[PDB]
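Worksheet for the structure shown next.
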Amino acid sequence: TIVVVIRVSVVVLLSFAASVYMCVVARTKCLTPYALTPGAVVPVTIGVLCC
Amino acid sequence: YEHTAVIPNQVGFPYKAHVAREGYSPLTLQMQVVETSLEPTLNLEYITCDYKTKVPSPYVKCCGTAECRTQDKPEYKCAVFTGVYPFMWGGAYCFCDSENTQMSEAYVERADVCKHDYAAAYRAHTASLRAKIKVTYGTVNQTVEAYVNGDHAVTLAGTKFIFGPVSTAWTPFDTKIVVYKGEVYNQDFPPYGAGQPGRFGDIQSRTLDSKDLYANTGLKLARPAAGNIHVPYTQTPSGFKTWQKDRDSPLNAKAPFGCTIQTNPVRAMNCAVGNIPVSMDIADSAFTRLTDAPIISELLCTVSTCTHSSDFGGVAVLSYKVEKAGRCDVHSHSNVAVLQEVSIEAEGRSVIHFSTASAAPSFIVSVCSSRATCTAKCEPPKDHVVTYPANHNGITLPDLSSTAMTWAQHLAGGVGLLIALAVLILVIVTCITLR
């Protein structure tokens with residue numbers, strides 16, 4: 366009973382941990398060249414939590 | 001037509017198997033064991049019993065010294081004592097006062113109750129076992145005794161049964177056993193002629209008639225008293241009747257599998273481990289061809305009641321359209337629930353009993369050559385202790401579609417799903433960043 370319940374708990378949470386892990390680095394790459402210019406003309410692409 | 005099967009070795013338990021020949025109606029056999037002996041092979045090595053001493057009437061002659069002679073008998077010891085002056089009942093015995101000498105001897109022999117009371121040793125080897133099986137089908141109840149080493153056939157009305165050799169042939173004995181009056185022990189007895197005094201195996205003998213002994217109890221002869229006539233005597237006390245009060249617990253209380261013993265020949269009965277194989281040579285006048293075979297179609301099975309529990313606590317009905325009366329045969333083709341009755345009746349609705357130690361079973365059943373399914377959900381009983389055992393295989397596993405794990409695919413599919421939007425929304429920009 367234990368031997369099932371602990372393995373199902375750990376296969377679920379790392380995938381939760383996986384899912385958040387790569388979504389942010391997309392938000393990083395989708396954002397980051399806009400950070401670099403001397404000019405703050407970010408377009409209306411706010412679905413991605415713009416600064 | 002020939003067939004093979006395996007049956008579980010446990011007393012009072014139903015098991016059933018088929019033939020499905022071609023053309024003809026099916027046929028269902030059931031096999032059930034009622035007794036199971038077991039028997040090792042022995043060869044005697046020695047015995048032991050109680051003993052008794054003898055002190056035959058010591059010798060005096062006065063003013064003349066002595067000499068005693070040796071003679072063949074086990075543990076004979078003679079002695080010679082100088083300066084003795086007895087004083088018997090009537091007066092003083094004889095008067096050659098200073099120079100008197102006196103001898104003494106004694107020996108050891110077996111008692112008078114050895115030929116009703118003894119305790120023998122033995123040795124064990126490989127063993128063979130034999131069973132008694134009640135087999136029924138068709139129109140016939142029969143029982144049959146059989147050896148289990150794979151050589152012994154037996155004849156019913158036209159048919160041949162020969163049985164598979166064994167699963168494995170271990171025993172609840174090791175190589176040295178010792179038997180005393182209706183129970184067997186498990187000792188490690190001294191080899192021969194090396195029994196140190198006091199403990200078991202102090203007097204030996206082979207086959208119990210006579211003429212040969214072994215005896216080392218430490219006889220010594222002592223000096224007689226000052227002015228009497230007796231024979232003194234000193235000895236470590238006997239070894240047999242110091243064993244049968246401070247003994248052990250016997251083997252009828254630590255036997256492994258309920259394996260009970262009784263022994264004028266040594267046995268071990270109803271011993272419940274394993275599987276025994278069976279093979280089949282079936283005659284031909286015990287089928288039905290097609291003429292009295294009824295045709296049955298559109299079979300539909302439901303359920304009404306279940307428990308787990310330990311007996312026939314699952315009931316189901318059957319529905320079918322008939323064309324001719326008769327008698328068909330029933331079976332459930334999976335290992336999760338065994339049926340009860342061996343032949344349903346003809347026309348109408350009819351019920352069948354079954355037992356299953358699981359939460360939600362599903363299996364496929366077939367009164368005659370058409371097949372059907374019916375499943376159910378179940379609940380535990382309110383009891384803790386029963387008096388009669390085990391009327392199911394003992395497999396409590398989940399199904400492929402229950403209330404319990406219909407919950408399972410939603411969570412696993414749900415967690416399988418939310419990565420799937422994560423995986424591609426990675427990739428859709430991963431192309432465009434190579435602009």
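Protein sequences appear in the order of chains M and T. 402 is the number that the entry's author numbering gives to position 37 of the first sequence; each next residue is one higher, with no gaps. 77 is the number that the entry's author numbering gives to position 77 of the second sequence; each next residue is one higher, with no gaps. Built from N, CA and C at the ideal position, the CB exists for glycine as well.
Within chain M, the residues that residue i reaches when beta carbons sit closer than 8 Å
{"i": "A422(T)", "result": "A383, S384, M387, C388"}
{"i": "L44(T)", "result": "Those within 8 Å of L44(T) in chain M number zero; the least Cβ separation is about 54 Å."}
{"i": "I395(T)", "result": "Going along chain M, no residue has its Cβ under 8 Å from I395(T), so there is no contact; the nearest lies around 18 Å."}
Residues of its chain near residue i, where Cβ-Cβ distance is below 6 Å and the 5 sequence neighbours each way are ignored
{"i": "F200(T)", "result": "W243"}
{"i": "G138(T)", "result": "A286"}
{"i": "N252(T)", "result": "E183, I261"}
{"i": "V273(T)", "result": "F257"}
{"i": "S362(T)", "result": "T375, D399"}
{"i": "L396(M)", "result": "none"}
{"i": "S167(T)", "result": "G274, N275"}
{"i": "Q187(T)", "result": "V178"}
CA nearest to the CA of residue i, picked from the options
{"i": "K382(T)", "options": "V351(T), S369(T), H308(T)", "result": "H308(T)"}
{"i": "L318(T)", "options": "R289(T), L339(T), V351(T), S297(T)", "result": "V351(T)"}
{"i": "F95(T)", "options": "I419(T), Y122(T), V60(T)", "result": "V60(T)"}
{"i": "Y118(T)", "options": "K73(T), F240(T), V34(T)", "result": "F240(T)"}
{"i": "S304(T)", "options": "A337(T), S310(T), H353(T)", "result": "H353(T)"}
{"i": "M269(T)", "options": "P8(T), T36(T), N9(T), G23(T)", "result": "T36(T)"}
{"i": "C114(T)", "options": "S369(T), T207(T), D50(T)", "result": "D50(T)"}
{"i": "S310(T)", "options": "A66(T), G394(T), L156(T)", "result": "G394(T)"}
{"i": "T207(T)", "options": "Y46(T), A153(T), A79(T)", "result": "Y46(T)"}
{"i": "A157(T)", "options": "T136(T), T168(T), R21(T)", "result": "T136(T)"}
{"i": "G412(M)", "options": "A391(M), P403(M), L401(M)", "result": "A391(M)"}
{"i": "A66(T)", "options": "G218(T), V55(T), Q102(T), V338(T)", "result": "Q102(T)"}
{"i": "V365(T)", "options": "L299(T), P197(T), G12(T), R349(T)", "result": "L299(T)"}
{"i": "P380(T)", "options": "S369(T), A360(T), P389(T), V367(T)", "result": "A360(T)"}
{"i": "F13(T)", "options": "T433(T), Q409(T), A390(T)", "result": "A390(T)"}
{"i": "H116(T)", "options": "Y15(T), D209(T), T53(T), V19(T)", "result": "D209(T)"}
{"i": "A346(T)", "options": "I133(T), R327(T), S358(T), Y214(T)", "result": "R327(T)"}
{"i": "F381(M)", "options": "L424(T), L417(T), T430(T), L434(T)", "result": "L417(T)"}
{"i": "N275(T)", "options": "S297(T), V19(T), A169(T), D248(T)", "result": "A169(T)"}
{"i": "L29(T)", "options": "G414(T), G413(T), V330(T)", "result": "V330(T)"}
{"i": "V55(T)", "options": "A120(T), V315(T), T234(T), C368(T)", "result": "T234(T)"}
Assigned exposure category for residue i - 16 Cβ within 10 Å defines buried
{"i": "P265(T)", "result": "exposed"}
{"i": "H392(T)", "result": "buried"}
{"i": "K73(T)", "result": "exposed"}
{"i": "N100(T)", "result": "buried"}
{"i": "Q204(T)", "result": "buried"}
{"i": "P232(T)", "result": "exposed"}
{"i": "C68(T)", "result": "exposed"}
{"i": "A92(T)", "result": "exposed"}
{"i": "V407(M)", "result": "exposed"}
{"i": "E105(T)", "result": "buried"}
{"i": "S25(T)", "result": "buried"}
{"i": "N141(T)", "result": "exposed"}
{"i": "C431(T)", "result": "exposed"}
{"i": "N9(T)", "result": "buried"}
{"i": "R110(T)", "result": "buried"}
Listed by chain order, chain T residues near residue i by CB distance under 8 Å
{"i": "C395(M)", "result": "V429"}
{"i": "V368(M)", "result": "Those do not exist, as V368(M) stays about 15 Å from chain T at its closest Cβ, beyond 8 Å."}
Partners in chain T for residue i, counting only beta-carbon separations shorter than 7 Å
{"i": "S380(M)", "result": "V415, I419"}
{"i": "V377(M)", "result": "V415"}
Own chain, CB closer than 7 Å to residue i, minus 5 neighbours either side, in chain order
{"i": "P190(T)", "result": "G201"}
{"i": "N149(T)", "result": "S128, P165"}
{"i": "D97(T)", "result": "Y85"}
{"i": "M405(T)", "result": "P398"}
{"i": "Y180(T)", "result": "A119"}
Proximal residues to residue i (C-beta, below 8 Å), its chain only, five neighbours per side dropped
{"i": "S279(T)", "result": "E2, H3, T4, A5, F161, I162, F163, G164"}
{"i": "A124(T)", "result": "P40, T41, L42, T171, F173, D174, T175, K176, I177"}
{"i": "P256(T)", "result": "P172"}
{"i": "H230(T)", "result": "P224"}
{"i": "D212(T)", "result": "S205, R206"}
{"i": "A357(T)", "result": "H308, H392, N393, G394, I395, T396"}
{"i": "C301(T)", "result": "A316, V317, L318, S319, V365, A372, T373, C374"}
Partners in chain M for residue i, counting only beta-carbon separations shorter than 7 Å
{"i": "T433(T)", "result": "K394"}
{"i": "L426(T)", "result": "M387, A391"}
Beta carbons nearer than 7 Å to chain T: which residues of the region 397-412 of chain M have them? Residues of the region 397-412 of chain M that bring their beta carbon within less than 7 Å of a beta carbon in chain T are absent altogether.
Query - Members of the region 23-38 of chain T that neighbour chain M once the beta carbon cut-off is set at 7 Å - result: Per Cβ criterion, the list is empty.
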